[PDB]
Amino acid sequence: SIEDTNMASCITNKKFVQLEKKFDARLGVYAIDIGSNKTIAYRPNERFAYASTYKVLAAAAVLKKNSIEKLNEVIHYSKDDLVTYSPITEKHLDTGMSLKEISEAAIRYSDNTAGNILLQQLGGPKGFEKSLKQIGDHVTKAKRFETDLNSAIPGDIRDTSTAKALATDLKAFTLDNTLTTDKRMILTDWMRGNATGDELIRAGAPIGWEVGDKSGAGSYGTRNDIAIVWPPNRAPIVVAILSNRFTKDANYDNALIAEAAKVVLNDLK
């Protein structure tokens, strides 16, 4: 069957090649079926800017590092801390917000000030990178805050990872024995049912399959989605799909991510 599997990989691979051509993009894919350890991989080790997908990993590291009581302490940030696109944190400027509330705002709405506060809580981008090293991720390189970290310049290693590294990290926090039971369930629920994921991996999932995701978007047409996918009566599937285009102001097309996800989920089916 070794001949049989590799021809299946060649066929799956050609679909990703055709998507890159159709959408004028570069695509990175890594998916693992937690029940069989089967994987799908396309440029799995090539670097992409992770953009807002880090927010779920930074929230997870904050959960791992901090007690329940600490995670409920109110953080009194100021108007000076608000960066572009802070729809939740800008509402609660008078009241302040807890690390738990900040984590939920970052994941559900991709609030950028929320993301910065999580990065700060971990010691800045370098401390966030150190938190990922502690779960065995020596690939991800974190350097800048929002919104500069979205610049996604060709060849630039700052604020980049790979589809394999991001998927493996997401698996580590949501499915492996890294967080306490309560923290793993809280983090997973934050990923469920958010409109920012509607046109991405969720749009490529078969009928009846639930998707919990964290989306990303940046310059050079960068458009990412990392997710846990729950098929009926099956073990979870962890999926990272990263992409970009080739000019600074290029427009992404969410359908590239959805069509890539259809390939992944139909071939892990």
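Position 1 is the first residue in the sequence shown; the rest follow in order.
- Set 95-103 against 182-190 and average the Cα temperature factors; 95-103 ends up higher.
- The PDB entry reports B-factors from which the mean C-alpha value can be compared for 234-242 and 62-70; the larger average falls on 62-70.
- Which of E90, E146, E199, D111 has the largest Cα B-factor in the deposited entry comes down to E90.
- Considering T162, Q134, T174, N150 together, the PDB entry gives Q134 the largest C-alpha B factor.
- The deposited CA B-factor of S52 belongs to the lowest third of values across its chain.
- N116 sits in the middle third of its chain by CA B factor, as recorded in the PDB entry.
- When all modelled residues of the chain are sorted by CA temperature factor, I226 is found within the lowest third.
- Per the deposited record, the Cα B-factor of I207 falls in the highest third when ranked against the other modelled residues of its chain.
- Among all modelled residues in this chain, the alpha-carbon of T39 has a temperature factor (C-alpha) in the middle third.
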